[PDB]
Amino acid sequence: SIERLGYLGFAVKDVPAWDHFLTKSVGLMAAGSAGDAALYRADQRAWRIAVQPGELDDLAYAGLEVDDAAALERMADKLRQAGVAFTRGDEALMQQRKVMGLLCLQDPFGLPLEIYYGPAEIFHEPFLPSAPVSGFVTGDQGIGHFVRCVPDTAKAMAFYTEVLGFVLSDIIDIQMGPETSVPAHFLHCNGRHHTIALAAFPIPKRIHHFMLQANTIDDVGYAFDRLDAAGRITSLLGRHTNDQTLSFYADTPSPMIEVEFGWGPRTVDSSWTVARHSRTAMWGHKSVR
Amino acid sequence: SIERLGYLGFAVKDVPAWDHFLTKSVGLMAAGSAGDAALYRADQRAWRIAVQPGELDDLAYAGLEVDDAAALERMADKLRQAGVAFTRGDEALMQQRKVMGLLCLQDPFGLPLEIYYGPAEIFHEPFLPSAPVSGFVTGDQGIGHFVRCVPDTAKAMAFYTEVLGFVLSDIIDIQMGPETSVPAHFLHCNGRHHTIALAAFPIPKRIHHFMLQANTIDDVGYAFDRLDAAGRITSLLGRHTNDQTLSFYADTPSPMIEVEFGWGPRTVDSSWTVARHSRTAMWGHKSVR
Amino acid sequence: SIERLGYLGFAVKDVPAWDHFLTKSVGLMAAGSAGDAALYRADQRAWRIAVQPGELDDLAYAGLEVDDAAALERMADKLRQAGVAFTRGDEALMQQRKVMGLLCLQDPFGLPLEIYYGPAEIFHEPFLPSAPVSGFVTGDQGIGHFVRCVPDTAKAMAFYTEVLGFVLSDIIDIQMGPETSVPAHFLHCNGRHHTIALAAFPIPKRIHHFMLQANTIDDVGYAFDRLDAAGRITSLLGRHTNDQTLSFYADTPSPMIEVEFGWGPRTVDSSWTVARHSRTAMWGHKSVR
Amino acid sequence: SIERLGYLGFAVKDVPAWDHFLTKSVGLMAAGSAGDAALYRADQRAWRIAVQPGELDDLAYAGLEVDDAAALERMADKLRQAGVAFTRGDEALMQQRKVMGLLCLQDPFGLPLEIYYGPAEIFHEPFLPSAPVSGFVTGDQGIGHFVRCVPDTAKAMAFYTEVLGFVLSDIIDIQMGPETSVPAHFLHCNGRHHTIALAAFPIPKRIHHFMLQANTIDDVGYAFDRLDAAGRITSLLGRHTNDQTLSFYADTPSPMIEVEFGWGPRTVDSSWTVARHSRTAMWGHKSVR
Amino acid sequence: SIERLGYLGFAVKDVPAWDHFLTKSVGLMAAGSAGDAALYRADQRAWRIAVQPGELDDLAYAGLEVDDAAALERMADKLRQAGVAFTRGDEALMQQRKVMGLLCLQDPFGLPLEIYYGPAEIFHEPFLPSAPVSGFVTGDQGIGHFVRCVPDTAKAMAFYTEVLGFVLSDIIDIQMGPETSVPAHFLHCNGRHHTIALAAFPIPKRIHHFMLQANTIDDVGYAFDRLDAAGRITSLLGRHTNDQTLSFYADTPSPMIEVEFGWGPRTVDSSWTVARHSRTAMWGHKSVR
Amino acid sequence: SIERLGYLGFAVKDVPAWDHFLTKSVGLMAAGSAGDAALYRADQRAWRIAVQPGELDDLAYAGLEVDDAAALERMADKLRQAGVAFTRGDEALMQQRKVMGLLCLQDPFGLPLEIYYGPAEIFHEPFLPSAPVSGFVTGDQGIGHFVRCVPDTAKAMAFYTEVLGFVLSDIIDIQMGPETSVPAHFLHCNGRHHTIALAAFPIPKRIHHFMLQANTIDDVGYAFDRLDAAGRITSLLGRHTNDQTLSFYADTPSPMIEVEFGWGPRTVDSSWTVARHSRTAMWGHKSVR
Amino acid sequence: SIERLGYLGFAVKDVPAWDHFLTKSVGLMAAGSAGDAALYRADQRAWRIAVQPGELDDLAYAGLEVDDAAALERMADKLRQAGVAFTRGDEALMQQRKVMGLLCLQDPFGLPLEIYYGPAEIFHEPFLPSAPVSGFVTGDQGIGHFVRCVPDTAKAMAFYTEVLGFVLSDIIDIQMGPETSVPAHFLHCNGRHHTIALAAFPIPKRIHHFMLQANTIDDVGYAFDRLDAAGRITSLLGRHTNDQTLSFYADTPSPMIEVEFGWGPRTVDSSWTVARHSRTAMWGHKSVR
Ligand SMILES: [Fe+3]
Ligand SMILES: [Fe+3]
Ligand SMILES: [Fe+3]
Ligand SMILES: [Fe+3]
Ligand SMILES: [Fe+3]
Ligand SMILES: [Fe+3]
Ligand SMILES: [Fe+3]
């Protein structure tokens, strides 16, 4: 039912650091502000990522997109049936988010979620990257993906698949030591191999990282050098086993939250079949202190 | 309902002969062992063919793949309704087969079948053939196909189509003498013209042969020379009438069980129409003593 | 429900004339006989057109193909419900027609129809034309089409669409004089613009003509010269308004029954929309005495 | 050296007949006049065919195009060396023809030829056909071709190949009776199989016909019906043996001069090899009284 | 011999106006400075356009590129033979221009020209436009083109074609009033229809305008709005008759010098043929006060 | 200089055997006769292979094609300079061979060669195979190739390359026993890897075999079965190391002369580089008694 | 004149280390031995890289390939004219190298060079990598490239371009410190951006490294992990500025000699233009201790 991940809002301790990070390093286009939130663009949408001041230094909310008004009412019906509490966004919130309608709720573990429809687009103000990146792969696959940390993956799974409609792509057992392994579950709601992954990681954040997909391999290669100069690289270039995303990781100005910048992943369709992997790295991705 | 044939297990009298056969001749990649079974790879799956010691010198079991956990429960519901006895594989069997879940049963005539989901893949250990073969055509069409010998084709047909969901592609009347003919039934469960064929052959084996599809015609041409040097050729190159597979046959180290190595067959789809053929050979396939 | 027109049987006064006509002129491949009927091939099917001796000098029967055994039973259920009388072909008829099963019936006006499934194919005996023609367009679209003459087009239409499942493509008002016009109805049951057309023509035959589609335009150009030398041309080259078939017409050895040899027609699909035309000729098709 | 045939001028007894013929039937666009010559367009050139009053009722002149000023001087040098008399067109003639420079001469048998360069184009006045024709194939291959009647083909051949640079494509022996045959020589100077053909025909005209190439087969089919309604058809549709032009012929208002309207011919290149044909018709082209 | 136009240097009265113009409006990337000249990029070259202070408010020089050192010596030999005065650029000039070698000269009417080879590229500093433009079409066709004003077009033509190796593409008679027309000559030295055009215009500048080619039509559409907001539009969108460039014109901060921003022109090759046009506009290009 | 191998003439002891062989088995089209020679077609040429009665039971002559009359005179000049004796074919021979001109000579070891130009084509009589073969690959590459047996390969090489213009493709050392090897030299004169190969084989024939190239792999597969039924197979299917021709060999009715029927070889071009191979078989080609 | 780099021979202190390195790490196929040299394959050539015992621990020789025997004689003529000493390889050397002919010489600074023609190929023994690599890009571009260290780049340049025929692609100034830079010259002799580069590096080896090009990016990614496990990585993944090769570097068992494993470089052609770069890295290539 949820069609794609449309936007993300972060609450951070260092807004100037995040602004420079998202523009100069990542390459997003600065798009003014909405309230005390600075807006950033990656394409034709009026905004894709919002950054506001806050002690959380974590993801503040995530916008889940449906294709129309009826679809949003159908989501409200699903929440209602599942017994999930939610509130309809008032006019002010609709204006602030620039959407035609939205339902505000939370996943089982505190992450505020906003199901919305009718987002604002500004084709008369063509996207202009702040750094050398040819463009981002969004469109029907949404803004990208993120790894949601959860204390109970089974509980999280039930909510995301059963209530929100996400579908399991595959699982990767992430070695967390000699005799410790965490089964990460990758979920899709469209062509993107996964829009949200659930993992029971021993981390104090709502998410482990968010990912943006660039158009070319050079986009990623150039990006790595930009973030290396910032001294934020956390991983060498690599390619994932399940989605085949070729990428590198880097720290955001928010401690323990990373960003993944990749290219050329595999996409999913109806014929997709669930599989299991023992490693997240097909090759590369060597961790960097 | 069954999506594709994912794996095969053989119980044989000469394991060293089978190991050399599958690697040096066929070109499969040796992939360690699981219990007393030696594993072999043809692609990204952790294993595709298993070979263990046994007096049977025949196919020990066949793995039938579904796309997810729900699908496996739906298969269990079908078996239940059809009155087909089955057992859920315990943790140890799941570990041994490297699958997330599986149901163990038998076809009407003793062939152990395992319906499973969530197989293991190892992209961090890229497939490397043991002999010059560019690659195998698997993917959604599974590992290949095999001809199941049955005492009663009508009984077998009812089980495979009605209970397992296979669909009849076509029939070939195989001349078994001047006034003797056996109607072989070809069944598909995906794009592969046929994944399983049923034939009432006067042979003491569970199957007449199994087939692997290579990527190029040269793969087959080279393979024929490799198996000819082993003195195992049972047929000259040829092309089948129904699936248009261009191939040759050869003996495996297990008496009366052959292998077919082919290329470029026709694939099936929704618009497929059942037809009848009087010969299995479009051309070639001359039998070789 | 009927999938395509698979074969035609003619009962004629001059078999040697028809044999020469179909082979030397049309280019079909002579394929032996079945009973007192001479068989002719246009592709991989064991036969497509049968010609037997008879005073009728008309179409004796038409084979309507379905994709499988279940589909044939579903047709039997439709006939039953519609109150249409039919008989299951006995073993001998199945053998004679080389089909796995068939129902024998008649359209509202006497044309014997045979709904069948599982036709015989002989890929080991590759099609070889008897005259220079590169090949025929058959496959899923069947053998071609024919215009069925009927005394009551509304009655015929109800039977073919409501009972057999054909779908109206379009209508062409065929000027039959200064103040006389006959509305020809074109029906499809697959990709071929039309497999059967109904027209209330003042002709003593069951059909006005049958059509075969060649692979290239040169096939048609060469064919016209072949039939012109036979002195059988009834129309100059032309292109139809509705299906866009580029063709010419010629007399068969059976008085008042013609053959149409064409190329490159338009095909239909789900999005097709019913339309009306005042002429059958987009250009050409000038009638020739 | 001559690059392509760029234009033709006719001197005719019935200008109104020729105007209607070229526009309503052929489909050329009326483009005003130059002196007492009515101009017609087939593409971006200011004019392609000119028609002026005259008792000749034949081709008055032909424009042979070179790519630049230097090239024209090189042609003048060739004529000079070959001893061929010619005159440089004065300013008035350059203006009348709308060319930057031109040499006026005659072939060995009286046909006035004008070698020119720098023709006028009017892209701001897009070509608009006077009849339903999708467009003409001109460009680098020039306006089309024509068959030049000559009393001595060997003498004509020497001049056109040796002096003007045309190259022999092939020869077709045109049966002119039981024991009479005329060897027609086809010459090219670019991609068009032939731009000029020489034949010793017993006809009182400078040319037997001129040819225009349309973009689609329907263009030709529609054109045939248009000229048939005018009662000018001289040949049924057909396809030539040497250039593979699919076309039909028709009479122009000038007695004994025809027009050929075709499509899809074969083109020539460096690897072309001279061949001989016994017929001009691959198929069709049946002569019509 | 000259391979393409590689760079342009302007001497202007308002550098800050030119900097804003080239970046914010045109979209070029600011690339530091060289001496008192501000550098701008359009691709991988270290610089493409230089702007320095000066009363000229005109083009200061133009860089003509050859492919190697030998080629530059061959140009020196040509100048020498033609009696054209030139000087070899010293080390300092080579450093300032970032080229491996260069000859400094002037065209017959005072425009300083620099023939060079071995330009500097900086792929490690990816091009980043200063305004929304997807990219520019440069590569082998050079930076673009410009219209050189000359008092004597015949004298200019002799120098550019005979000494520098440019080739005439075509001519357009530009109506300069009721009975006044100026024949503009378009010259190419590569795939670009024209790199330099000569016209005897009554203007006090060395050039009438310079042109840049963008990758998409939207690039041009967006650019027009950007320059319209600057109030610099001199022409509405249009398409040229000869090169088929779809573009609009605008004033640069230098009085009487314009810029042309276009897309999708036709390219030239060996088979190109010289032609003449009476208008520069195929459509559009309406002049704007 | 020689452009391609255009035709072959055989002198044989059993003409009826050769006629059946070439038509029923190979698939060539019977094309009447010329003198006491029966003609056979493979495409649009009036004939490609001629068979006449004779005790030789070998190749009687080979036609080497040039593109025009001038080219033939240039060949005559080459023969003259090389001191090679030759005679111009009289009118009768030109008529018999259906060529516009030809020079008759012999290679250094007795094989009569005819260099010709202007061959006859009959597009009005479309090629119709006598057996199921989709078509042959001829065109610019000629009819195919043949292996010429010579007592002195160096002497043969000098003549074919130096006098006739053939170019060495590569060499294959053909093992003729434990310590015996024959270096076969492959020569091309166009795109066909080789048109003529020279080998010092201990065989009493002028040639070891001739080769024809079919359009599809099935053409070859079907052909093998046809020749196997004739009991003429001399080799199993295989693929050559140098030209990559996939084929099989068979005996012609002429003792010690074979035919090769293949598909999909590699073609040569200017960038081709001479190489050496130790085997003729990439795979297959197992000799059959 | 030299067509491509065909092979390399190394003289090393640790042959077992080199054997494991080239097979297990790089992925080359072990191909027996020739004398005391172990041979390795990368494609259809009998060998591409040879490794023999020696204190040099450097490149022992390089094979430069020409297309034929005449071409080799033309090279001998060039050496002769240039006054370069050389010796014709005797039969034994020809046998050892498996070439049809070769000239032995040295570049100006001691690197033994062997110009050869007619190399041996073994298509009957299909290439089989020793490690997971899909294949190498060789063919007309040869085996790859290498950086030749020279004390005098101008002297080296004169020899390689003037005597051997290599052509300068571009130059990269390699920063060798704060005020130290070495101008590396890249030379091509075919489509490969460069086959040999000259640089005045302060290194005691004949070459700095040799490069092999793989078919896919994953080939490189997998290769990096293989060499990292060997602890031989000297550089992180990166992409070069001039040839756009995406690669990583690693140490060979020979101290101070590295290997480069890359993918997807740009290729050169006639239109190539010499340029200059200040960095070798477009991105990545961070040096690793
Ligand atoms: Fe991720
Ligand atoms: Fe099989
Ligand atoms: Fe019809
Ligand atoms: Fe014509
Ligand atoms: Fe312009
Ligand atoms: Fe051969
Ligand atoms: Fe390198």
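Chain naming here is simple, since letters A, B, ... match the order of the sequence lines and numbering starts at 1 in each. Indexing begins at 1, ligand by ligand and atom by atom, following the structure's order. We use all heavy atoms of the structure for the numbers below, so side chains are in, but hydrogens, waters and symmetry mates are not.
Of the candidates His240(F), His188(F), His145(F), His185(F), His194(F) forms a side-chain hydrogen bond (donor to acceptor under 3.5 Å, both in side chains) with just one, namely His145(F).
Taken to the nearest 0.5 Å, the CZ atom of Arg206(F) stands 11.5 Å off from the SG atom of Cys149(F).
For an aromatic pair to be called close, the ring centres must be under 6.0 Å apart, and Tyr249(F) with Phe261(F) fails this.
Side-chain polar atoms of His285(F) and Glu260(F) form no donor-acceptor pair below 3.5 angstrom.
Of all protein N, O or S atoms, those under 2.8 Å from the Fe ion (ligand 3) number 3.
Shown here are the ring pair (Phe, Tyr, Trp, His ring centres under 6.0 Å) partners of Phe224(C), two or more places apart in sequence or in another chain: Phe248(C).
The pair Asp170(C)-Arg276(C) fails the salt-bridge criterion, with no side-chain N (NZ, NE, NH1 or NH2) lying under 4.0 Å from an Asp/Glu carboxylate O.
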